[PDB]
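Enquirer: Dropping the structure in here first, questions after.
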Amino acid sequence: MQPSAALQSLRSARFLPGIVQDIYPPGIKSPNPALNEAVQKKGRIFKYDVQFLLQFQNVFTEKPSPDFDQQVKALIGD
Amino acid sequence: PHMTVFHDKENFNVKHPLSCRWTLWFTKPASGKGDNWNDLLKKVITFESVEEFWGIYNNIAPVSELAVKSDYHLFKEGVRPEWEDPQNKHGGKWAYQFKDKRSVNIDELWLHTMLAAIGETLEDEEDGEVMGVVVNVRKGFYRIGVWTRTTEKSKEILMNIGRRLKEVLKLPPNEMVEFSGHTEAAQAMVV
Ligand SMILES: C[n+]1cn([C@@H]2O[C@H](COP(=O)(O)OP(=O)(O)OP(=O)(O)O)[C@@H](O)[C@H]2O)c2nc(N)[nH]c(=O)c21
């Protein structure tokens, strides 16, 4: 079993420190800053609007583990 | 510096944290053999990023493909999606039942429910009430719920959660979302 390039990248990437406004390429919206404006613990609580989250749907499509399909089948094997 | 998944979906170096770790659970239907009706709840995967969520979601059956008597549950890490868990024992749920009709895009509704949960737009930062969300596939209907830790820590905090779920589900005003305690005791609030 061999991990995908995206999975390898995910495994090795670093967490963003919270909501960030200025790191996205053209055509990609940031998370709504107003929802985090009122947040007090910004290093622990990260508000993401649904529209922002939906941007990932057709972007990260890879399995979250190399044998995910095999793990699922055996878990609900019946 | 930071390449997101949107800069290069095969070579990126930052990911989007969730405010806690979440675990996806699945309830299978009883086996047609008849020797497993008491061990149906399965722990699928625990995750901690927005990207990981979508890797899971894109590789699992949509609700509309599940058999009757199946459920998905998305709960904060450490909380089992059962009434006996210490964090649900004195709690309850806000729930709504949908008809199984095609103009009801149940997959989208469930998806948006999970996104509201993990994106922390169901409750405010100190509320401490949301434990998870659940979709139930039944014969007559689908049910979508938000499970809560208490039934009484703060009524206003609970009502606001119910109103947000109603908004997430895009329900019109006649359609009511209802709160109920898991136990008869913790039951003995509609929006
Ligand atoms: C969430 N949950 C569900 N079940 C089982 O799953 C079934 C469906 O649970 P359900 O709450 O979705 O009920 P449904 O609306 O389909 O109605 P009912 O079955 O007629 O009351 C229940 O009947 C129980 O048999 C559960 N059984 C236990 N032990 N603990 C739980 O938390 C639990």
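Ordering of the structure tokens sets the chain letters (A, B, ...); residue numbers start at 1 within each chain; ligands are numbered from 1 in the order shown.
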Write out as a list in words each polymer residue whose atoms come within 12 Å of residue 51 in chain A, counting only C-alpha atoms; drop sequence neighbours fewer than 6 positions from it.
Expert: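 Non-adjacent residues within range: residues 28, 29, 30, 31, 32 and 57 of chain A; 111, 112, 115, 116, 119, 121 and 168 of chain B.
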Enquirer: Write out as a ChimeraX atom specification each polymer residue (protein, DNA or RNA) that has an atom no more than 9 Å from ligand 1, with only C-alpha atoms and all ligand atoms counted.
Expert: /B:27,38,69-71,80-85,88,134-139,141,143,182
Enquirer: Let's have the selection written as a compact mmCIF listing (two decimals), in the first residue's frame, with N, CA, C and O atoms.
Expert:
```txt
# COMPACT_ATOMS: atom_id res chain seq x y z
N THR B 27 -23.14 3.19 12.19
CA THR B 27 -23.96 2.07 12.69
C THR B 27 -24.37 1.25 11.48
O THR B 27 -25.03 1.76 10.57
N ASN B 38 -26.41 -6.92 18.37
CA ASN B 38 -25.99 -6.23 19.58
C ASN B 38 -24.56 -5.65 19.48
O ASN B 38 -23.94 -5.40 20.54
N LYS B 69 -31.77 1.61 8.66
CA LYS B 69 -31.28 1.30 10.02
C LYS B 69 -29.79 1.61 10.15
O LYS B 69 -29.17 1.31 11.19
N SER B 70 -29.20 2.29 9.20
CA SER B 70 -27.82 2.72 9.34
C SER B 70 -27.81 4.15 9.87
O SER B 70 -28.79 4.89 9.77
N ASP B 71 -26.68 4.53 10.45
CA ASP B 71 -26.48 5.91 10.95
C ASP B 71 -25.03 6.32 10.70
O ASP B 71 -24.11 5.47 10.66
N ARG B 80 -18.23 8.74 22.96
CA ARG B 80 -18.93 7.74 22.18
C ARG B 80 -20.36 8.23 21.88
O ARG B 80 -20.98 8.87 22.74
N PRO B 81 -20.94 7.93 20.70
CA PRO B 81 -22.27 8.44 20.29
C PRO B 81 -23.40 7.60 20.86
O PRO B 81 -24.21 7.02 20.13
N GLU B 82 -23.37 7.44 22.16
CA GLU B 82 -24.34 6.63 22.88
C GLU B 82 -24.76 7.41 24.12
O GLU B 82 -23.98 8.17 24.70
N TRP B 83 -25.98 7.13 24.53
CA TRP B 83 -26.55 7.75 25.72
C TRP B 83 -25.79 7.40 26.98
O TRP B 83 -25.71 8.23 27.88
N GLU B 84 -25.17 6.24 27.04
CA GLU B 84 -24.44 5.84 28.25
C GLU B 84 -23.10 6.56 28.44
O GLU B 84 -22.56 6.55 29.55
N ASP B 85 -22.54 7.18 27.40
CA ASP B 85 -21.31 7.94 27.59
C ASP B 85 -21.51 8.97 28.70
O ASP B 85 -22.52 9.68 28.70
N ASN B 88 -22.86 12.30 27.45
CA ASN B 88 -24.19 12.40 26.92
C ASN B 88 -25.26 12.02 27.92
O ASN B 88 -26.42 12.29 27.65
N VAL B 134 -25.59 13.66 14.28
CA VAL B 134 -26.00 12.29 13.86
C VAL B 134 -27.02 12.36 12.75
O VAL B 134 -27.92 13.19 12.78
N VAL B 135 -26.93 11.44 11.78
CA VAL B 135 -27.94 11.26 10.77
C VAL B 135 -28.39 9.79 10.91
O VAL B 135 -27.57 8.87 10.90
N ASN B 136 -29.68 9.61 10.95
CA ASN B 136 -30.30 8.29 11.08
C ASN B 136 -31.07 8.02 9.82
O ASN B 136 -31.95 8.83 9.45
N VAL B 137 -30.88 6.81 9.23
CA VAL B 137 -31.60 6.41 8.03
C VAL B 137 -32.62 5.41 8.50
O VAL B 137 -32.24 4.36 9.03
N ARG B 138 -33.87 5.72 8.33
CA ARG B 138 -34.92 4.81 8.77
C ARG B 138 -35.90 4.55 7.62
O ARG B 138 -35.84 5.16 6.56
N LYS B 139 -36.88 3.66 7.85
CA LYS B 139 -37.86 3.34 6.80
C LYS B 139 -38.66 4.57 6.45
O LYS B 139 -38.58 5.12 5.34
N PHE B 141 -38.11 7.73 6.88
CA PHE B 141 -37.57 9.08 7.11
C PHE B 141 -36.05 9.06 7.33
O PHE B 141 -35.44 8.03 7.63
N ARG B 143 -33.41 11.32 9.92
CA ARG B 143 -33.39 12.26 11.05
C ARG B 143 -32.00 12.84 11.17
O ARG B 143 -31.00 12.11 11.01
N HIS B 182 -32.11 12.56 26.42
CA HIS B 182 -31.93 11.18 26.00
C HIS B 182 -32.65 10.23 26.93
O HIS B 182 -32.96 9.12 26.52
```
Enquirer: Distance cut-off 8 Å, counting only C-alpha atoms - which residues of chain B neighbour chain A? Return them as a PyMOL selection string.
Expert: chain B and resi 2+4-7+9-19+28+31+42+44+50-52+54-56+58-59+112+115-116+119-121+125
Enquirer: Would you mind exporting N, CA, C and O atoms of the selected residues as a CSV table (one decimal), in the first residue's frame?
Expert:
```csv
chain,number,residue,atom,x,y,z
B,2,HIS,N,3.8,29.6,2.6
B,2,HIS,CA,2.7,28.7,2.9
B,2,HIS,C,2.1,28.3,1.5
B,2,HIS,O,1.5,29.1,0.8
B,4,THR,N,-0.9,26.2,0.4
B,4,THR,CA,-2.1,25.5,0.7
B,4,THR,C,-2.4,24.4,-0.3
B,4,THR,O,-1.9,24.5,-1.5
B,5,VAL,N,-3.4,23.6,0.0
B,5,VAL,CA,-3.9,22.6,-0.9
B,5,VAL,C,-4.5,23.3,-2.2
B,5,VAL,O,-4.6,22.7,-3.3
B,6,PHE,N,-4.8,24.6,-2.1
B,6,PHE,CA,-5.4,25.3,-3.2
B,6,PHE,C,-4.2,25.8,-4.1
B,6,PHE,O,-4.5,26.2,-5.3
B,7,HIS,N,-3.0,26.0,-3.6
B,7,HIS,CA,-1.9,26.3,-4.4
B,7,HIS,C,-1.3,25.2,-5.2
B,7,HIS,O,-1.0,25.3,-6.4
B,9,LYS,N,-2.4,20.9,-5.1
B,9,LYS,CA,-3.0,19.9,-4.2
B,9,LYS,C,-2.2,18.7,-4.0
B,9,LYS,O,-2.7,17.8,-3.3
B,10,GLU,N,-1.0,18.6,-4.6
B,10,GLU,CA,-0.1,17.5,-4.4
B,10,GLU,C,1.1,17.9,-3.6
B,10,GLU,O,1.8,17.0,-3.1
B,11,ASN,N,1.4,19.2,-3.5
B,11,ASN,CA,2.6,19.7,-2.7
B,11,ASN,C,2.2,20.9,-1.9
B,11,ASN,O,2.4,22.0,-2.4
B,12,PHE,N,1.6,20.7,-0.8
B,12,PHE,CA,1.3,21.8,0.1
B,12,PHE,C,1.9,21.6,1.4
B,12,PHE,O,2.2,20.4,1.8
B,13,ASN,N,2.1,22.7,2.2
B,13,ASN,CA,2.8,22.5,3.5
B,13,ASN,C,2.0,23.1,4.7
B,13,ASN,O,2.7,23.2,5.8
B,14,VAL,N,0.8,23.5,4.5
B,14,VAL,CA,0.0,24.0,5.7
B,14,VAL,C,-1.4,23.4,5.6
B,14,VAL,O,-1.9,23.3,4.5
B,15,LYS,N,-2.0,23.1,6.7
B,15,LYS,CA,-3.3,22.6,6.8
B,15,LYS,C,-4.1,23.3,7.9
B,15,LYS,O,-3.6,24.1,8.6
B,16,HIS,N,-5.4,23.1,7.8
B,16,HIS,CA,-6.4,23.9,8.5
B,16,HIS,C,-6.8,23.2,9.7
B,16,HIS,O,-7.5,22.1,9.6
B,17,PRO,N,-6.5,23.7,11.0
B,17,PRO,CA,-6.9,22.9,12.2
B,17,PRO,C,-8.4,23.1,12.5
B,17,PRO,O,-9.0,24.1,12.2
B,18,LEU,N,-8.9,22.0,13.1
B,18,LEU,CA,-10.2,22.1,13.7
B,18,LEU,C,-10.0,22.4,15.2
B,18,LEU,O,-8.9,22.2,15.8
B,19,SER,N,-11.1,22.9,15.8
B,19,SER,CA,-11.0,23.4,17.2
B,19,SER,C,-10.9,22.2,18.2
B,19,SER,O,-10.5,22.4,19.4
B,28,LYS,N,-24.0,0.0,11.5
B,28,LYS,CA,-24.4,-0.9,10.4
B,28,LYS,C,-25.8,-1.5,10.7
B,28,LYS,O,-26.2,-1.6,11.8
B,31,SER,N,-27.1,-7.9,10.7
B,31,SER,CA,-26.7,-8.9,9.7
B,31,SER,C,-27.9,-9.7,9.3
B,31,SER,O,-28.7,-10.1,10.2
B,42,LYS,N,-19.7,1.2,14.9
B,42,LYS,CA,-18.3,1.1,14.5
B,42,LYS,C,-17.6,2.5,14.5
B,42,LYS,O,-18.2,3.5,14.0
B,44,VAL,N,-15.0,4.7,12.9
B,44,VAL,CA,-14.4,4.7,11.6
B,44,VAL,C,-13.0,5.3,11.6
B,44,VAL,O,-12.0,4.7,11.3
B,50,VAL,N,-9.4,20.3,8.3
B,50,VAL,CA,-10.4,20.4,7.3
B,50,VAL,C,-10.0,19.5,6.1
B,50,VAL,O,-10.9,18.9,5.6
B,51,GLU,N,-8.8,19.4,5.7
B,51,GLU,CA,-8.4,18.6,4.6
B,51,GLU,C,-8.7,17.1,4.8
B,51,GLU,O,-9.3,16.4,4.0
B,52,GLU,N,-8.4,16.6,6.1
B,52,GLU,CA,-8.6,15.3,6.4
B,52,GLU,C,-10.1,15.0,6.4
B,52,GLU,O,-10.5,13.9,5.9
B,54,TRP,N,-12.3,16.2,4.4
B,54,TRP,CA,-12.8,16.0,3.0
B,54,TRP,C,-12.2,14.8,2.4
B,54,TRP,O,-12.9,14.1,1.6
B,55,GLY,N,-11.0,14.4,2.8
B,55,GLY,CA,-10.5,13.1,2.4
B,55,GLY,C,-11.4,11.9,2.8
B,55,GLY,O,-11.7,11.0,2.1
B,56,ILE,N,-11.9,12.0,4.1
B,56,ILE,CA,-12.9,11.0,4.5
B,56,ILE,C,-14.2,11.2,3.7
B,56,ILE,O,-14.7,10.2,3.2
B,58,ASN,N,-15.1,12.4,0.9
B,58,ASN,CA,-15.0,12.0,-0.5
B,58,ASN,C,-14.8,10.5,-0.7
B,58,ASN,O,-14.7,10.1,-1.9
B,59,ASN,N,-14.5,9.7,0.3
B,59,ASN,CA,-14.2,8.3,0.2
B,59,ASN,C,-15.2,7.4,1.0
B,59,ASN,O,-14.8,6.2,1.3
B,112,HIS,N,-23.7,19.7,5.3
B,112,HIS,CA,-23.7,21.0,5.9
B,112,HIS,C,-23.8,21.0,7.4
B,112,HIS,O,-23.2,21.8,8.1
B,115,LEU,N,-20.3,20.2,8.5
B,115,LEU,CA,-19.4,21.4,8.4
B,115,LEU,C,-19.7,22.5,9.4
B,115,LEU,O,-18.8,23.2,9.9
B,116,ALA,N,-21.0,22.6,9.8
B,116,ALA,CA,-21.4,23.5,10.9
B,116,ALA,C,-20.8,23.1,12.2
B,116,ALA,O,-20.2,23.9,12.9
B,119,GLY,N,-16.7,23.3,11.8
B,119,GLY,CA,-16.4,24.7,11.6
B,119,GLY,C,-16.8,25.6,12.8
B,119,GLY,O,-16.6,26.8,12.8
B,120,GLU,N,-17.4,25.0,13.8
B,120,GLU,CA,-17.8,25.7,15.0
B,120,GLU,C,-18.8,26.9,14.8
B,120,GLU,O,-18.8,27.9,15.5
B,121,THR,N,-19.8,26.6,13.9
B,121,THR,CA,-20.8,27.6,13.8
B,121,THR,C,-22.1,27.1,14.3
B,121,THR,O,-23.1,27.7,14.0
B,125,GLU,N,-18.1,30.0,21.6
B,125,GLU,CA,-16.8,29.5,22.1
B,125,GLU,C,-16.9,29.0,23.5
B,125,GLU,O,-16.2,28.0,23.9
```
Enquirer: Write out as a PyMOL selection string all residues of chain B that backbone DSSP assigns to helix (DSSP H, G or I).
Expert: chain B and resi 50-57+63-65+106-118+155-168
Enquirer: Got time to write the residues from that selection, N, CA, C and O atoms, as a short mmCIF file (atom, residue, chain, number, x, y, z; two decimals), in the first residue's frame?
Expert:
```cif
data_model
loop_
_atom_site.label_atom_id
_atom_site.label_comp_id
_atom_site.auth_asym_id
_atom_site.auth_seq_id
_atom_site.Cartn_x
_atom_site.Cartn_y
_atom_site.Cartn_z
N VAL B 50 -9.36 20.26 8.34
CA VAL B 50 -10.37 20.41 7.31
C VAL B 50 -10.05 19.48 6.13
O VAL B 50 -10.92 18.86 5.55
N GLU B 51 -8.75 19.44 5.70
CA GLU B 51 -8.39 18.58 4.57
C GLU B 51 -8.69 17.10 4.84
O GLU B 51 -9.25 16.40 3.98
N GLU B 52 -8.37 16.64 6.06
CA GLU B 52 -8.64 15.26 6.42
C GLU B 52 -10.13 14.99 6.36
O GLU B 52 -10.53 13.92 5.89
N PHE B 53 -10.96 15.94 6.85
CA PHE B 53 -12.40 15.74 6.76
C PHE B 53 -12.83 15.42 5.34
O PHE B 53 -13.66 14.54 5.12
N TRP B 54 -12.35 16.20 4.37
CA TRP B 54 -12.77 16.03 3.01
C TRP B 54 -12.19 14.78 2.38
O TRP B 54 -12.89 14.13 1.56
N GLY B 55 -10.97 14.39 2.76
CA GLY B 55 -10.50 13.06 2.38
C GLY B 55 -11.41 11.91 2.85
O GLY B 55 -11.71 10.98 2.11
N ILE B 56 -11.94 12.03 4.06
CA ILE B 56 -12.87 11.04 4.53
C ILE B 56 -14.16 11.17 3.73
O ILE B 56 -14.71 10.17 3.24
N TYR B 57 -14.76 12.35 3.76
CA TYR B 57 -16.10 12.51 3.15
C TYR B 57 -16.12 12.04 1.69
O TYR B 57 -17.11 11.43 1.23
N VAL B 63 -25.08 9.56 2.61
CA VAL B 63 -26.24 9.06 3.37
C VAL B 63 -27.25 8.42 2.47
O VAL B 63 -27.95 7.47 2.87
N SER B 64 -27.41 8.96 1.27
CA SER B 64 -28.43 8.47 0.39
C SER B 64 -28.14 7.08 -0.19
O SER B 64 -29.04 6.49 -0.80
N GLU B 65 -26.94 6.56 0.05
CA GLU B 65 -26.55 5.22 -0.35
C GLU B 65 -26.63 4.21 0.81
O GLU B 65 -26.51 2.98 0.57
N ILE B 106 -30.68 15.14 1.08
CA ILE B 106 -30.19 14.70 2.40
C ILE B 106 -28.67 14.69 2.46
O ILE B 106 -28.08 15.00 3.49
N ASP B 107 -27.99 14.32 1.37
CA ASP B 107 -26.54 14.30 1.45
C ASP B 107 -25.97 15.68 1.75
O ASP B 107 -25.11 15.86 2.60
N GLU B 108 -26.50 16.68 1.06
CA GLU B 108 -26.09 18.08 1.27
C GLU B 108 -26.45 18.58 2.67
O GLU B 108 -25.64 19.18 3.35
N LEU B 109 -27.63 18.23 3.15
CA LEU B 109 -28.04 18.65 4.46
C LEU B 109 -27.13 18.07 5.52
O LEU B 109 -26.78 18.77 6.51
N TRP B 110 -26.86 16.75 5.45
CA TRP B 110 -25.95 16.11 6.38
C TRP B 110 -24.54 16.70 6.30
O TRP B 110 -23.94 17.04 7.32
N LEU B 111 -24.05 16.85 5.06
CA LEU B 111 -22.76 17.49 4.85
C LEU B 111 -22.69 18.86 5.54
O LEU B 111 -21.77 19.12 6.28
N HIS B 112 -23.70 19.70 5.33
CA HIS B 112 -23.68 21.04 5.91
C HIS B 112 -23.78 20.98 7.43
O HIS B 112 -23.18 21.83 8.08
N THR B 113 -24.48 19.97 7.95
CA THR B 113 -24.53 19.79 9.38
C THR B 113 -23.15 19.48 9.94
O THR B 113 -22.75 20.04 10.97
N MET B 114 -22.43 18.55 9.32
CA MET B 114 -21.10 18.20 9.77
C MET B 114 -20.17 19.41 9.64
O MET B 114 -19.29 19.63 10.47
N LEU B 115 -20.27 20.16 8.52
CA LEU B 115 -19.44 21.38 8.36
C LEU B 115 -19.72 22.46 9.42
O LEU B 115 -18.80 23.16 9.86
N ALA B 116 -21.00 22.63 9.78
CA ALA B 116 -21.37 23.53 10.87
C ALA B 116 -20.76 23.06 12.19
O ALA B 116 -20.24 23.87 12.94
N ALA B 117 -20.75 21.74 12.43
CA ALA B 117 -20.15 21.21 13.62
C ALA B 117 -18.64 21.46 13.64
O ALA B 117 -18.10 22.09 14.59
N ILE B 118 -17.94 20.98 12.62
CA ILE B 118 -16.49 21.05 12.73
C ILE B 118 -16.02 22.48 12.57
O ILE B 118 -14.91 22.82 13.05
N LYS B 155 -30.41 27.39 29.20
CA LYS B 155 -31.48 27.33 28.20
C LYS B 155 -31.20 28.21 26.98
O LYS B 155 -31.50 27.82 25.85
N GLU B 156 -30.71 29.44 27.17
CA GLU B 156 -30.53 30.30 26.02
C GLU B 156 -29.47 29.72 25.09
O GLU B 156 -29.56 29.85 23.86
N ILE B 157 -28.44 29.10 25.67
CA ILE B 157 -27.38 28.54 24.85
C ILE B 157 -27.94 27.37 24.07
O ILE B 157 -27.59 27.15 22.91
N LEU B 158 -28.85 26.59 24.68
CA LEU B 158 -29.42 25.47 23.94
C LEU B 158 -30.37 25.95 22.83
O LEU B 158 -30.37 25.39 21.74
N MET B 159 -31.23 26.93 23.10
CA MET B 159 -32.17 27.38 22.06
C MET B 159 -31.45 27.92 20.85
O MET B 159 -31.92 27.74 19.71
N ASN B 160 -30.32 28.62 21.08
CA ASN B 160 -29.56 29.18 19.97
C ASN B 160 -29.00 28.08 19.10
O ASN B 160 -28.88 28.27 17.90
N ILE B 161 -28.60 26.96 19.71
CA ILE B 161 -28.12 25.81 18.94
C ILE B 161 -29.23 25.26 18.05
O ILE B 161 -29.01 24.95 16.86
N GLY B 162 -30.42 25.11 18.60
CA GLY B 162 -31.54 24.67 17.80
C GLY B 162 -31.84 25.62 16.65
O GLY B 162 -32.15 25.18 15.53
N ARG B 163 -31.84 26.92 16.91
CA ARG B 163 -32.06 27.83 15.79
C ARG B 163 -30.97 27.75 14.73
O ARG B 163 -31.25 27.93 13.55
N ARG B 164 -29.73 27.52 15.12
CA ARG B 164 -28.69 27.42 14.12
C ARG B 164 -28.87 26.17 13.29
O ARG B 164 -28.66 26.19 12.07
N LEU B 165 -29.21 25.07 13.93
CA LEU B 165 -29.44 23.84 13.15
C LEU B 165 -30.56 24.07 12.15
O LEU B 165 -30.46 23.64 10.99
N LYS B 166 -31.64 24.75 12.57
CA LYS B 166 -32.74 25.03 11.66
C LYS B 166 -32.28 25.85 10.46
O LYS B 166 -32.65 25.53 9.33
N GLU B 167 -31.39 26.83 10.71
CA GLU B 167 -30.80 27.63 9.63
C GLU B 167 -29.91 26.78 8.70
O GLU B 167 -30.03 26.88 7.47
N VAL B 168 -29.03 25.96 9.28
CA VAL B 168 -28.15 25.08 8.51
C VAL B 168 -28.96 24.17 7.61
O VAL B 168 -28.57 23.89 6.47
#
```
Enquirer: So which one's closest to residue 43 in chain B, B:62, B:78, B:128, B:140? Using only C-alpha atoms, please.
Expert: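 Nearest to residue 43 in chain B: B:78.
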Enquirer: Could you jot down the CA of residue 179 in chain B to CA of residue 122 in chain B separation for me, Å, one decimal place?
Expert: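 Separation between CA of residue 179 in chain B and CA of residue 122 in chain B: 14.7 Å.
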Enquirer: Would you work out the distance separating CA of residue 61 in chain B from CA of residue 132 in chain B, expressed in Å to one decimal?
Expert: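 The value is 19.3 Å.
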